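# got an experimental structure here, sequence first:
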Protein chains: 2
Amino acid sequence: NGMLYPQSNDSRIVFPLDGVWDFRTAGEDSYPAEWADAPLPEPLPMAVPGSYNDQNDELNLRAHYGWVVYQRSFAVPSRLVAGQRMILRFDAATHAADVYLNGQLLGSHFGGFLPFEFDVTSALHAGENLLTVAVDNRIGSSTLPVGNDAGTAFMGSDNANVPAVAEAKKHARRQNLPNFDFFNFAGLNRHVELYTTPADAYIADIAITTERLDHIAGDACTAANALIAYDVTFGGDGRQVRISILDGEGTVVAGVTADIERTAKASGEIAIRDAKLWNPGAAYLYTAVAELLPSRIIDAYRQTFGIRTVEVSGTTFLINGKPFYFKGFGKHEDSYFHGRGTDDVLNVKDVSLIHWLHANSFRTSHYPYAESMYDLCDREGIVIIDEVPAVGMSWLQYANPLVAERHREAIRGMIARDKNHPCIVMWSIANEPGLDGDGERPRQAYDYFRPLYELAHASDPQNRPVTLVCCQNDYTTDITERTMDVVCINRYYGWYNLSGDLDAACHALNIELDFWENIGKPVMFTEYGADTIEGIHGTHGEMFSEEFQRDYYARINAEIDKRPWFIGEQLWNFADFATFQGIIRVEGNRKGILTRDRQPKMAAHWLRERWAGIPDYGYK
Amino acid sequence: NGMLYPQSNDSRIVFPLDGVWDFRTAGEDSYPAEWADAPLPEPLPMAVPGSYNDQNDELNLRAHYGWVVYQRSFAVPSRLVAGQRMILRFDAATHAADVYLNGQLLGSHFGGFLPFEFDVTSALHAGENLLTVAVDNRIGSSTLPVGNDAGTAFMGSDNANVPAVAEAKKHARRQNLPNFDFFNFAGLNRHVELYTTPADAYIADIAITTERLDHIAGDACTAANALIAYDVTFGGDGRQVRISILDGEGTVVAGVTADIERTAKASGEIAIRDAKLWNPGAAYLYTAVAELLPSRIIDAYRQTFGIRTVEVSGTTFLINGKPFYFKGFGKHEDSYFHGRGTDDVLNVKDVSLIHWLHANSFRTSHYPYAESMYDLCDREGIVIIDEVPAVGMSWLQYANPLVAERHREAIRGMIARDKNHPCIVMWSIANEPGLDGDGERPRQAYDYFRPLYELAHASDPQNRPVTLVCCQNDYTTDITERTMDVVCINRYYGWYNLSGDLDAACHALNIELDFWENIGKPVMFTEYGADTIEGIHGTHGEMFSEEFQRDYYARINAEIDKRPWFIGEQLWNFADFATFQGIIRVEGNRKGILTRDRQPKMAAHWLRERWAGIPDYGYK
Ligand SMILES: O=C(O)[C@H]1CNC[C@@H](O)[C@@H]1O
Ligand SMILES: O=C(O)[C@H]1CNC[C@@H](O)[C@@H]1O
């Protein structure tokens, strides 16, 4: 279950395998087996990590349907593999992968946004090793995220009653049709690395929780006492682990030696006096150093954490007992050449833009992001809502056992990967599933999602709030969204309805806010916005102008400011991003307040001024 | 000398000749004179009024050098012409024109921005008449506006030391090289019309002046008494003219009968009790109706006017005795298909944008505008600085008597055309002539311009202030600008110098403002700005971004606000406009706060908010 990010220390070394690999496209539903057994014939270069789709302009890899095959060679000194346990980790392969080393199948994985690994201790040999990775991009009614098996991509146009169209559909080239509004970027989107651990006994997992804070300071910077809990899991085979707690300067401030008991596990609690708390806008990180003891150390791992509590109380969202207000947006992992490929230069820039805007938060719309972004937000004081790739779902998916299992895998896998981050304050178990309607449909949706809500709570040792991000719907027949811990709504009054009429949009919004006012839950926007082409201007801004986007937020935000139970504003989107092509997507989704190259539109400046005057705590 | 705009009434009729004419291009230095004798061979269509340059995409008329020939036919009933004096009026033919009617050369005109007319009574005949107009676009060292005889256009790039460049220049196609930063649009840019007056005696010119205001209300809306004077000139041959003054509702509020004395003139004064004054932001217009008396009326003309005084006093600019502050910009007559062609839809729209912006004024950079725009600003309460086409001048021109004569012609013609407009508060006798330097250059410039300053004063019966718009220069050796009635300066600190460094730009500006503080004259900007491409954005705006343009005005305006003697801010420009092509002009000049299609950039919104808070009177 543990998926600790690979670390190098006195006991452990990481050997990255990123770089320019060999690559070939393959078939709609197969690829040649012999490509795992010998060097790829006539290979193309392909950089990893990165989506493959925008890395070759001679081919139209955006249109590719099915498999591709990556390959590279590598060699490491026998000295450093001798006696060690050898693990090959894929941070992400989107969506499914088969992995081979030296002509041997290592195994496969489904799930394009979470890491997986293989023990290669026995498949490795000295000299050059040949690593082959086949990656499948296909999506459909059984995948998360969901594809459409026929018809159109999400918000695509059709003339389905025209006989010629119906007939041409039967013979059209197979293409993935996302039931979600972002491009289906595929390939080795995140890092690949070989790493070592000791073989006889090793640290497999660590969970740190903030159990209780006694007497939090008025400014929330410290607490008189913090009770933290640790849970260390071991692999391999009267043994002990030493746990040292280091503060922000590396000083040892606490330490215990705990007994390992047979899963081999050690768990306990540690009191940290005068603890320095983690807050939005004021991060503070500790390190838990776990050392497996035999003066010598057998194994070690350093786990960053921050001390803070999260609690929903009535219509408030309390961080360290203080009423928080979210300011931010949904993001995407999306950029020009990389596609969905992780890029830490861009992550660093985006975090600085979050600060420039005076925002404090975002959601990982619509899939878990690369692990390095959460470390960055841990150090930079930015709060995250962590979301699984359960986007595009409807009643067709609720009746499918395979989908339900993939959904539980994604929830368990996201929380197992991300549980130690102090920046994560809430889990989202889906984006815009179908919840409303007549007959049994609302109850069917509820019966599908309630066990997943329970699973997210059971899986997280911090027991953080759980939400489900709700599409614009008939809120009077949806019986699911109102049962979440925080109500997170996506609304486009004045854009997809009441188009351009901000008076009517605000009237409609206020009618629905009157509905939520009586529910007793904290409510926030997780999306709202307007497609905007930079450089389109008007004195009376119409849809797609920079002025209309600014006016849109000015009018809507004035209405939610009147509601004390409305605890956050996350807009859509941080920045323009790529989508499947169609008649409503002008080079992708243009609801960004920043352009795809991260330049600010008029509305970004307006928002920056607004958010500069809204405090993280106590706004409401 | 009078050029009253043609009017239709019981004594007079106007027959417009606009529409789609026939057109041919001709030679660099000649056209076929026989084209006036018969319909043009194989003619192109060409709408009038309009520049010709953008009306044909099969030809490259922007590259044309030399002559073109317009032609059309017309017929009018014998009853219309019988007994009448028939005048053919060209509102503007840019730059020079030869006019033929039924093969007879009527005459020629130089000066591309002011009207001229011919008596055609004897050249007309019954049935179809054939009107042929040859128009010359050429500019050079003796024209106003000034062209360069060799080298490059204004702020063009060159590599003049490369031998191949020097040689190719000798054989390059002839092309006009503007020594001014706007495109040399040519042709019948303004209306053409045939009009009638009585033949025996007729009204030839009217001047109305505001002589004195007694007891002006605190809000300047009225005066207890206003003394106005009239001066009517007659043509033809104990006769009398009735002068009636009509208020805003058409009510005759005053009337006098004057004796015509011989060059036939009638002159006198009228006192208007509780006169409603014309003010920026609060226009009020009277009509002076002059009726030539024999029961019957022989001739009549209705002249609009507004009652207001203009006086420079110390460092203030007094309208109706109140300290005025200019808010506005230089403009251009420039638009997509029309070029420099007059377009009243666009004039109406532009005056509404001036109100939207909360501006109160503009300058007719860099030529007299179409007459209809001044009538519009009369009714809409927008102040005008009226400027002759003396742009591009330096010491080569001051030594040329043909240029001095053309310059005197332009000044007399502008003031004779425009003297009755209340919206005009100041005359500009040149834009950015060479004034500074060493040796005898500063004195030579002074001796050239001082007589023209005196000429503008002698020509205007209202005796309004006279300025010269000064280019960015060494203000310590320029001895001419400081002798103007208002000092009008164009400054581009932080754009063309100290580029992008707004701290240094403001420091430089303050050093020069310290200079003008000691001179003791009222000072205003007539230009300052930054080229800006809509849709270019940055968090720290660099040159060409929307943010830089906004920051430019925010920083510069903060500095002039500290100077009580700085009486106005006219920026460059209202809207992006066309120029000769070159390496610093991205589809023309982009210093507009509006795009060429009149859409607001970020700076326009900022300036609108600034100008909303600055009163027309009493800001300083
Ligand atoms: O339509 C939109 O702009 C948004 C609607 N909510 C879901 C987003 O993925 C999508 O991009
Ligand atoms: O350089 C500029 O942008 C301006 C400088 N002053 C004169 C203007 O005609 C010109 O357009």
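On my side now, so go ahead. Numbers count the residues shown, from 1 in each chain, chains lettered A, B, ... in the order given. Ligands and ions are numbered 1, 2, ... in the order given.

# what residue of chain A is the furthest out?
residue A:163 (42.2 Å; Cα atoms, centre = their mean).

# OK, contacts around the closest residue to residue A:494 other than its chain neighbours?
Computed as Cβ to Cβ, 6 or more residues apart in numbering or on different chains, the closest residue to residue A:494 that is not its neighbour in sequence is residue A:505, at 2.9 Å. (Each C-beta comes from the backbone N, C-alpha and C, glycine too.) Residues in contact with residue A:505 (Cβ atoms under 8 Å, 6 or more residues apart in numbering or on different chains) are A:493-494, A:497-498, A:555-556.

# rerun at 10 Å
Shown in contact with residue A:505 (Cβ atoms under 10 Å, 6 or more residues apart in numbering or on different chains): A:491-495, A:497-499, A:528, A:552, A:555-556, A:559.

# likewise residue A:479?
Contacts here follow Cβ under 10 Å, 6+ apart; on that basis residue A:479 touches A:435-436, A:442-443, A:445-446.

# run the last query once more with 8 Å
A:435, A:442-443, A:445-446.

# likewise residue A:226?
Residue A:226 neighbours (Cβ under 8 Å, 6+ apart): A:210, A:212-214, A:271-272, A:275, A:277, A:307.

# let's see which of these end up in strands.
A:210, A:212-214, A:271-272, A:275 (DSSP state E).

# run the chain-centre distance for stretch A:368-388.
Distance of stretch A:368-388 from its chain centroid, counting by Cα atoms, centre = their mean, to the nearest Å, is 8 Å.

# may I see the buried residues of it?
A:368-378, A:380-388 (16 or more other Cβ atoms under 10 Å in any protein chain shown).

# hmm, which two among the contacts of residue A:226 are most spread apart?
Greatest spatial distance in these: A:271 and A:277, 14.7 Å, computed using Cβ to Cβ.

# ok, those two, which is more surrounded?
Set residue A:271 next to residue A:277 and count neighbours by other Cβ atoms under 10 Å in any protein chain shown: residue A:277 wins out with 25 against 13.

# the more buried one and residue A:223 touch, don't they?
Yes - applying Cβ atoms under 8 Å as the test, residue A:277 and residue A:223 come out as touching, 6.0 Å apart.

# which residues do those two both contact?
A:213, A:216-217, A:307, A:320.

# farthest-separated two in these?
So, the shared contacts of residue A:277 and residue A:223 by Cβ to Cβ: farthest apart are A:217 and A:307, at 12.4 Å.

# more neighbours: the two, which one.
residue A:307 (24 against 15).

# need the contact list for that one.
Residue A:307 sits in contact with A:210, A:213, A:223, A:226, A:228, A:272, A:275-278, A:284, A:286, A:422, where contact means Cβ under 8 Å, 6+ apart.

# and the nearest residue to residue A:13 once chain neighbours are set aside, what are its bridge partners?
The shortest distance from residue A:13 to any non-neighbouring residue, by Cβ to Cβ, 6+ apart, is to residue A:196 (5.2 Å). Taking DSSP bridges as the rule, residue A:196 bridges to residue A:86.

# circling back: how about the contacts of residue A:479 in JSON lines, adding neighbour count, secondary structure and distance to residue A:521?
Putting the contacts of residue A:479 into JSON lines (neighbours: other Cβ atoms under 10 Å in any protein chain shown; DSSP: H, G, I helix; E, B strand; the rest coil; distance: Cβ to Cβ, whole Å) gives the following:
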{"residue": "A:435", "neighbour count": "28", "secondary structure": "coil", "distance to residue A:521": "15"}
{"residue": "A:442", "neighbour count": "18", "secondary structure": "helix", "distance to residue A:521": "17"}
{"residue": "A:443", "neighbour count": "11", "secondary structure": "helix", "distance to residue A:521": "20"}
{"residue": "A:445", "neighbour count": "25", "secondary structure": "helix", "distance to residue A:521": "18"}
{"residue": "A:446", "neighbour count": "17", "secondary structure": "helix", "distance to residue A:521": "16"}
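
# now render those as JSON lines, adding distance to residue B:415.
Listed next are the contacts of residue A:479 as JSON lines, based on distance: Cβ to Cβ, whole Å:
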{"residue": "A:435", "distance to residue B:415": "76"}
{"residue": "A:442", "distance to residue B:415": "80"}
{"residue": "A:443", "distance to residue B:415": "86"}
{"residue": "A:445", "distance to residue B:415": "80"}
{"residue": "A:446", "distance to residue B:415": "83"}
